[PDB]
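Novice: Structure for the following, please:
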Amino acid sequence: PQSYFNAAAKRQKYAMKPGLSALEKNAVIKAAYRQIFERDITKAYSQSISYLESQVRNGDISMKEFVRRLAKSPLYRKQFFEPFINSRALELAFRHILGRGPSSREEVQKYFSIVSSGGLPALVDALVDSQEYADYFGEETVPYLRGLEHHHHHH
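Specialist: Residues are numbered from 1 along each chain as shown. Below is the structure:
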């Protein structure tokens, strides 16, 4: 059949460990763009990217910070916050930073207040800076998504 994943087995989590070599860091940072934005960014974005990429490669900032920066990008707002309902962009924010999705109905509604007040910047800030989520997924590890294929096209 047509899918062409076949044996694309992703247990390989991209952990920015303070003690990685240069090439290893390039992989983890590239994959940070690929996990958060699904890879679809202009390279002429730069400047902010260039700084923060040098910092996470310098071990100045960790991947918890770097992922906040990427999931605070104007592109990541414009593609989800506006064309799609906030509740969907909200689920997507949990589905990225937690690398899985939301679970409790209360949780979804609580952070819905946060996305209604300060938008996706304040939402993603609340998700990464929280001690519980910084403990669960970790601060070195890039949010690798569980995915769970949800694409029932046609209605």
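
Novice: So residue 10 is in contact with residue 144, correct?
Specialist: Yes. Counting by CB atoms under 8 Å, residue 10 does reach residue 144; the two are 6.5 Å apart. For the C-beta atoms, the positions are set from N, CA and C on the backbone; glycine is no exception.

Novice: more neighbours, the two?
Specialist: A count of neighbours by other CB atoms under 10 Å puts residue 144 above the other of residue 10 and residue 144, at 19 against 12.

Novice: The more buried one sits in which helix or strand?
Specialist: Take DSSP states H and E as the rule and residue 144 turns out to sit in neither a helix nor a strand.

Novice: Now do it against residue 48, distance only.
Specialist: From residue 144 over to residue 48 the distance is 23 Å, taken as CB to CB, to the nearest Å.

Novice: Next SSE downstream of the helix of greatest length in the chain?
Specialist: Ranked by residue count and defined by DSSP state H, the top helix of the chain is helix 22-36. Proceeding N to C from helix 22-36, the next assigned helix or strand is helix 48-58, under DSSP H and E.

Novice: what does the next helix or strand after that following helix rub up against?
Specialist: Using DSSP H and E, the helix or strand that follows helix 48-58 in sequence is helix 63-70. Outside helix 63-70, the residues that touch it by CB atoms under 8 Å, 6 or more residues apart in numbering are 14-16, 28-29, 32-33, 36-37, 48, 52-53, 55-56, 61, 76, 96-97, 124-125, 128-129, 134, 138-143.

Novice: Can you give the distance from helix 63-70 to the centre of its chain?
Specialist: With CA atoms, centre = their mean, to the nearest Å as the basis, helix 63-70 stands 8 Å off its chain's centre.

Novice: For it, C-alpha coordinates in CSV please.
Specialist: The C-alpha atoms that make up helix 63-70 are tabulated as CSV, following Å, rounded to 0.1, in the frame of the first residue of the first chain:
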residue,chain,number,x,y,z
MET,A,63,16.4,22.6,24.2
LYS,A,64,13.5,23.5,26.6
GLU,A,65,14.4,27.2,26.0
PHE,A,66,15.3,26.7,22.3
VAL,A,67,11.9,24.9,21.6
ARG,A,68,10.1,27.9,23.4
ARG,A,69,11.9,30.3,21.0
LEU,A,70,10.8,28.2,17.9
